[PDB]
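Just the one chain here, laid out as structure tokens, in the form deposited in one PDB entry.
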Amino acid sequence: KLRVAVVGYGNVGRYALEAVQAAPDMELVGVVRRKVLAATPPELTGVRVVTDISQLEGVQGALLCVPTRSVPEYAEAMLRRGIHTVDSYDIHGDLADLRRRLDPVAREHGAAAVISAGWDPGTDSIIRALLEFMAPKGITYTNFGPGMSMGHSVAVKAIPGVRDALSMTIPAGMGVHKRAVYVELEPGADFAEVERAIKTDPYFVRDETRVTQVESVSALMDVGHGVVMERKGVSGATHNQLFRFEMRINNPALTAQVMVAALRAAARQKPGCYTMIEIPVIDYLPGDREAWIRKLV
């Protein structure tokens, strides 16, 4: 069994714990987190929790459940220890550059790193690749939501006067998205001001955005999310081939599970860095290939 450690303990983290414990081919060595209180959280009962991975014995792979901005440095740090890594880095714009950066680091330390292994980027990327070669000429549209956006939500919370906030991603169709923000204000804060700060923030300025003040944001919080991917294209010279993929899932739960499968695959690769479309799909499945070929193909 692959000895694994969960690094970082947040949403994906708690879900990461469950994903690893449920894996038939993995052994959870422990959890690495910034804070370890005397009052051990219920789900962490019986689980080794430390502040540094060096305090976990013989860790072979690590799930990097830390904020996107922290992924690059964390990945390099773990790889330099010879530990395989998996993350769900979600910036489509430069994940290709992240791959280029980590590839030599991983190879030089005899480890494998699989980046952007969530559902998007991640499994949705594989789906987009399938639709692309099944019908080479055409257009694919990826429509997200209804679901909460962590990035957009954080941006709102960073605004003075905001006690808490939730930014909902709403599909407008054809790959366009609208934003529905719900904000809980600090005592005496001005809504008009906050509303402006939100609608004009570079993270919202490009999309239709609506803001609503609420008594409690936690009362509106749900981590479910979804996607509708569609493509209308040409297979060979035959037009109007229609494809549609839809998912309604628990965001952090799925992300954590995909990360687990991706780490399983990482341990099977030659040293280096990979995105999910660079790994044979069967490497994401536990155990020998034969049984899976007979069951799934």
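Numbering starts at 1 and runs along the sequence shown. Rigid core: the largest C-alpha set superposing within 1.5 Å between the two forms. Only residues modelled in both forms are compared.
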* Structure fact -> Of 74 to 82 and 188 to 196, the stretch with the higher mean C-alpha B-factor in the deposited entry is 188 to 196
* Between 274 to 282 and 13 to 21, which has the higher average C-alpha B-factor in the PDB entry? -> 13 to 21
* Specify which of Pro104, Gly147, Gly122, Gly161 carries the largest Cα B factor in the deposited PDB entry. => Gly161
* Structure fact -> The residue of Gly110, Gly151, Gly138, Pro171 with the maximal C-alpha B-factor according to the PDB record is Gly151
* By its CA B factor, does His225 count among the lowest, middle or highest third of the modelled residues in the chain? -> lowest
* To do: Check where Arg128 lands among this chain's C-alpha B-factors and tell me if it's the lowest, middle or highest third.
  => lowest
* Asked: Split the chain's modelled residues into thirds by Cα B-factor; is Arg231 in the lowest, middle or highest one?
  -> lowest
* Asked: Ranked by Cα temperature factor within the chain, is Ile115 in the lowest third, the middle third or the highest third?
  -> lowest
* Taking the C-alpha B-factors as the PDB entry records them, is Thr255 in the lowest, middle or highest third of its chain? -> lowest
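Missing here is the form deposited in another entry; even so, the following discussion is about that form.
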* Structure fact -> Across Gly224, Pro136, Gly161, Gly82, the single C-alpha shifting 2 angstroms or more between this form and the one not shown with the core held fixed is at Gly161
* **Did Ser125 shift 2 Å or more between this form and the one not shown, C-alpha, core superposed** => no
* Asked: Any CA movement of 2 Å or more for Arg210 between this form and the one not shown, core superposed?
  -> yes
* **Is_shifted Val181 between this form and the one not shown (CA, 2 Å cut-off, rigid core)** => yes
* Fitting the two forms on their core, which runs of three or more residues have every Cα moved by 2 Å or more between this form and the one not shown? -> 149 to 167, 179 to 217
